[PDB]
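*Asks:* Take this structure first; my questions come after.
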Amino acid sequence: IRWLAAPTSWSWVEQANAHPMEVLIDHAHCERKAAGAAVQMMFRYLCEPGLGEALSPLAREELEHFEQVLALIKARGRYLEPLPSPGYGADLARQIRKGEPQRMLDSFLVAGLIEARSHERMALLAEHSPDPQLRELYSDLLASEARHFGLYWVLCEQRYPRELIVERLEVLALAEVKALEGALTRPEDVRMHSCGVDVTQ
Ligand SMILES: [Fe+3]
Ligand SMILES: [Fe+3]
């Protein structure tokens with residue numbers, strides 16, 4: 001399974017290296033939002049077999065990551081700030097169809113795409129950050145993020161015919177790329193999911 005339809009632009013890596021704390025603060029918010037989305041999915045699908053078993057530990061792990069990143073934020077002299085989120089999240093949310101069974105499928109695939117893009121960008125910072133502490137943080141988070149997009153795939157595969165999943169993911173993956181197109185307005189506007197994608201392939 002290939003989740004993402006295009007890689008992040010080196011432009012984003014440069015911007016993230018220039019304003020690491022804005023990325024880090026946004027990242028803490030992203031982990032908490034991921035936990036929240038998992039809990040909201042569980043409420044929507046209250047008694048769905050297997051779902052609580054899968055999403056409850058995921059939400060806990062996302063909260064652990066939130067707490068870990070928050071501790072580093074404070075070790076670097078800052079706190080959680082209300083940095084406005086990029087348009088990415090809302091752009092992806094808009095792709096989720098109303099009505100079951102399409103809604104569940106779209107919800108899992110959107111969550112998985114967001115996780116895959118976070119993993120892809122964290123992998124870039126793990127290698128390219130000039131700060132060893134940040135390389136270590138981001139490296140430490142990679143394995144778990146890969147388990148998370150893996151989980152969202154498995155949740156689809158358990159409930160839906162495979163080609164339905166593949167076809168919808170292709171559509172959503174192109175929307176995810178469109179959601180990252182554009183140029184950053186100001187250096188301090190960089191975020192985990194701010195603009196910067198290479199569409200040339
Ligand atoms: Fe996480
Ligand atoms: Fe995750």
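Letters A, B, ... mark the chains of the structure tokens in the order given; residue numbers begin at 1 per chain; ligand numbers begin at 1, in order shown.
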Please identify every residue of chain A that has at least one atom no farther than 12 Å from an atom of ligand 2, counting only C-alpha atoms and all ligand atoms, and for each give the shortest atom pair and the distance in Å to one decimal, arranged by chain then increasing number, as CSV.

*Replies:*
```
residue,atom,partner,partner_atom_place_in_ligand_line,distance
A:27,CA,ligand 2,1 (Fe),10.6
A:28,CA,ligand 2,1 (Fe),11.1
A:29,CA,ligand 2,1 (Fe),11.9
A:30,CA,ligand 2,1 (Fe),8.9
A:31,CA,ligand 2,1 (Fe),6.7
A:32,CA,ligand 2,1 (Fe),9.6
A:33,CA,ligand 2,1 (Fe),10.0
A:34,CA,ligand 2,1 (Fe),6.8
A:35,CA,ligand 2,1 (Fe),8.3
A:36,CA,ligand 2,1 (Fe),11.6
A:37,CA,ligand 2,1 (Fe),11.1
A:38,CA,ligand 2,1 (Fe),10.3
A:55,CA,ligand 2,1 (Fe),11.0
A:57,CA,ligand 2,1 (Fe),10.9
A:58,CA,ligand 2,1 (Fe),7.4
A:59,CA,ligand 2,1 (Fe),8.5
A:60,CA,ligand 2,1 (Fe),10.1
A:61,CA,ligand 2,1 (Fe),7.5
A:62,CA,ligand 2,1 (Fe),5.7
A:63,CA,ligand 2,1 (Fe),9.5
A:64,CA,ligand 2,1 (Fe),10.2
A:65,CA,ligand 2,1 (Fe),8.2
A:66,CA,ligand 2,1 (Fe),10.1
A:111,CA,ligand 2,1 (Fe),9.1
A:112,CA,ligand 2,1 (Fe),8.8
A:113,CA,ligand 2,1 (Fe),10.7
A:114,CA,ligand 2,1 (Fe),8.7
A:115,CA,ligand 2,1 (Fe),5.6
A:116,CA,ligand 2,1 (Fe),8.6
A:117,CA,ligand 2,1 (Fe),10.3
A:118,CA,ligand 2,1 (Fe),8.0
A:119,CA,ligand 2,1 (Fe),8.1
A:120,CA,ligand 2,1 (Fe),11.8
A:122,CA,ligand 2,1 (Fe),11.1
A:141,CA,ligand 2,1 (Fe),8.5
A:142,CA,ligand 2,1 (Fe),9.0
A:143,CA,ligand 2,1 (Fe),9.5
A:144,CA,ligand 2,1 (Fe),6.5
A:145,CA,ligand 2,1 (Fe),4.4
A:146,CA,ligand 2,1 (Fe),7.7
A:147,CA,ligand 2,1 (Fe),7.8
A:148,CA,ligand 2,1 (Fe),5.2
A:149,CA,ligand 2,1 (Fe),7.4
A:150,CA,ligand 2,1 (Fe),10.1
A:151,CA,ligand 2,1 (Fe),9.9
A:152,CA,ligand 2,1 (Fe),10.4
```

*Asks:* Mind pulling up the distance from CA of residue 129 (chain A) to CA of residue 193 (chain A)?

*Replies:*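 That distance, rounded to one decimal, is 16.7 Å.
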
*Asks:* So, with only C-alpha atoms and all ligand atoms as the atoms that count, which of A:180, A:69, A:96, A:80 lies closest to ligand 1?

*Replies:*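 When distances to ligand 1 are compared using only C-alpha atoms and all ligand atoms, the smallest one comes from A:69.
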
*Asks:* As a tab-separated table (two decimals) with C-alpha atoms, in the first residue's frame, please: the residues near residue 88 (chain A) (cut-off 9 Å, only C-alpha atoms, same-chain neighbours under 3 positions excluded).

*Replies:*
```tsv
chain	number	residue	atom	x	y	z
A	85	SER	CA	-3.54	25.33	11.92
A	91	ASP	CA	-9.53	20.39	3.40
A	92	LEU	CA	-9.26	16.68	4.15
A	93	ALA	CA	-12.30	16.70	6.45
A	176	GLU	CA	-4.25	15.36	0.23
A	178	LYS	CA	-3.77	19.47	-3.37
A	179	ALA	CA	-4.13	20.39	0.29
A	180	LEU	CA	-0.32	20.87	0.51
A	193	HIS	CA	1.11	19.96	7.53
A	194	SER	CA	1.89	23.41	6.04
A	195	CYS	CA	2.33	23.69	2.29
```

*Asks:* Mind pulling up the distance from CA of residue 109 (chain A) to CA of residue 156 (chain A)?

*Replies:*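 Distance reported for this atom pair: 7.8 Å.
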
*Asks:* List the neighbours of residue 199 (chain A) out to 9 Å using only C-alpha atoms; skip same-chain residues closer than 3 positions along the sequence, and give me the result as a list in words.

*Replies:*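 So the residues in contact are residues 5, 6, 7, 8, 9, 177 and 181 of chain A.
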
*Asks:* Between CA of residue 23 (chain A) and CA of residue 192 (chain A), what is the distance in Å, rounded to a tenth?

*Replies:* 5.6 Å

*Asks:* Could you pull out the residues in region 11-177 of chain A that DSSP calls alpha helix (DSSP H) from the backbone, as number ranges by chain?

*Replies:* A: 11-18, 20-44, 51-75, 88-93, 102-128, 132-157, 162-177

*Asks:* Considering only C-alpha atoms and all ligand atoms, state which residue in the set A:47, A:105, A:125, A:137 is at the smallest distance from ligand 1.

*Replies:*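 Once distances to ligand 1 are computed over only C-alpha atoms and all ligand atoms, the minimum belongs to A:137.
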
*Asks:* Which residue is closest to ligand 1? Choose from A:100, A:140, A:127, A:22 and count only C-alpha atoms and all ligand atoms.

*Replies:*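 Nearest candidate to ligand 1 out of A:100, A:140, A:127, A:22: A:140.
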
*Asks:* Excluding same-chain residues fewer than 6 positions from residue 94 (chain A), what lies within 12 Å of it counting only C-alpha atoms, as an MDAnalysis selection string?

*Replies:* chainID A and resid 87:88 103 106:107 110 172 175:176 179

*Asks:* Would you output that residue set with N, CA and C atoms, as a PDB file, in the first residue's frame?

*Replies:*
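Okay, part_37.pdb is ready:
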```
ATOM      1  N   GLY A  87      -4.672  24.975   6.435  1.00  0.00           N
ATOM      2  CA  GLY A  87      -5.980  24.582   5.859  1.00  0.00           C
ATOM      3  C   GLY A  87      -6.111  23.079   5.592  1.00  0.00           C
ATOM      4  N   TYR A  88      -5.015  22.352   5.755  1.00  0.00           N
ATOM      5  CA  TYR A  88      -4.912  20.954   5.397  1.00  0.00           C
ATOM      6  C   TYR A  88      -6.002  20.115   6.047  1.00  0.00           C
ATOM      7  N   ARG A 103     -18.970   6.960   4.812  1.00  0.00           N
ATOM      8  CA  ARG A 103     -18.396   7.825   5.849  1.00  0.00           C
ATOM      9  C   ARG A 103     -17.289   7.140   6.672  1.00  0.00           C
ATOM     10  N   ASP A 106     -14.124   6.640   4.514  1.00  0.00           N
ATOM     11  CA  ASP A 106     -13.447   7.939   4.255  1.00  0.00           C
ATOM     12  C   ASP A 106     -12.741   8.414   5.534  1.00  0.00           C
ATOM     13  N   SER A 107     -13.382   8.230   6.676  1.00  0.00           N
ATOM     14  CA  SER A 107     -12.813   8.630   7.981  1.00  0.00           C
ATOM     15  C   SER A 107     -11.517   7.883   8.292  1.00  0.00           C
ATOM     16  N   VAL A 110      -8.820   9.038   5.554  1.00  0.00           N
ATOM     17  CA  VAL A 110      -8.334  10.396   5.875  1.00  0.00           C
ATOM     18  C   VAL A 110      -7.388  10.329   7.098  1.00  0.00           C
ATOM     19  N   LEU A 172      -8.598  10.172  -2.556  1.00  0.00           N
ATOM     20  CA  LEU A 172      -8.303  10.985  -1.376  1.00  0.00           C
ATOM     21  C   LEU A 172      -6.830  11.421  -1.324  1.00  0.00           C
ATOM     22  N   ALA A 175      -6.441  14.568  -3.285  1.00  0.00           N
ATOM     23  CA  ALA A 175      -6.938  15.694  -2.478  1.00  0.00           C
ATOM     24  C   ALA A 175      -5.934  16.086  -1.394  1.00  0.00           C
ATOM     25  N   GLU A 176      -5.251  15.103  -0.816  1.00  0.00           N
ATOM     26  CA  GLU A 176      -4.254  15.356   0.233  1.00  0.00           C
ATOM     27  C   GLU A 176      -3.073  16.145  -0.353  1.00  0.00           C
ATOM     28  N   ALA A 179      -4.091  19.700  -0.986  1.00  0.00           N
ATOM     29  CA  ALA A 179      -4.127  20.393   0.293  1.00  0.00           C
ATOM     30  C   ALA A 179      -2.751  20.897   0.772  1.00  0.00           C
TER      31      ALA A 179
END
```

*Asks:* Can you tell me, as a CSV table (one decimal) with N, CA, C and O atoms, in the first residue's frame, what residues are no more than 7 Å from residue 15 (chain A) when counting only C-alpha atoms, ignoring any on the same chain fewer than 3 positions away?

*Replies:*
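Here's the written file result.csv:
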```csv
chain,number,residue,atom,x,y,z
A,11,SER,N,11.5,22.5,0.2
A,11,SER,CA,11.1,23.8,0.8
A,11,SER,C,10.6,23.7,2.2
A,11,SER,O,10.9,24.5,3.0
A,12,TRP,N,9.8,22.6,2.5
A,12,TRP,CA,9.2,22.4,3.8
A,12,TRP,C,10.3,22.1,4.8
A,12,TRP,O,10.3,22.5,6.0
A,18,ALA,N,14.2,26.1,9.9
A,18,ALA,CA,14.4,27.6,10.3
A,18,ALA,C,13.5,28.0,11.5
A,18,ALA,O,13.9,28.8,12.3
A,19,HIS,N,12.3,27.3,11.6
A,19,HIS,CA,11.4,27.5,12.7
A,19,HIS,C,11.0,26.2,13.4
A,19,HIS,O,9.8,25.8,13.3
A,187,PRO,N,7.8,32.7,7.2
A,187,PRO,CA,8.5,31.6,7.8
A,187,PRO,C,7.9,31.0,9.1
A,187,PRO,O,7.9,29.8,9.2
A,190,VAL,N,5.1,27.9,9.3
A,190,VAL,CA,5.4,26.5,9.1
A,190,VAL,C,4.7,25.6,10.2
A,190,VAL,O,4.6,26.0,11.3
```

*Asks:* Given only C-alpha atoms and all ligand atoms as the basis, pick out the residue of A:139, A:95, A:185, A:133 nearest to ligand 1.

*Replies:* A:139
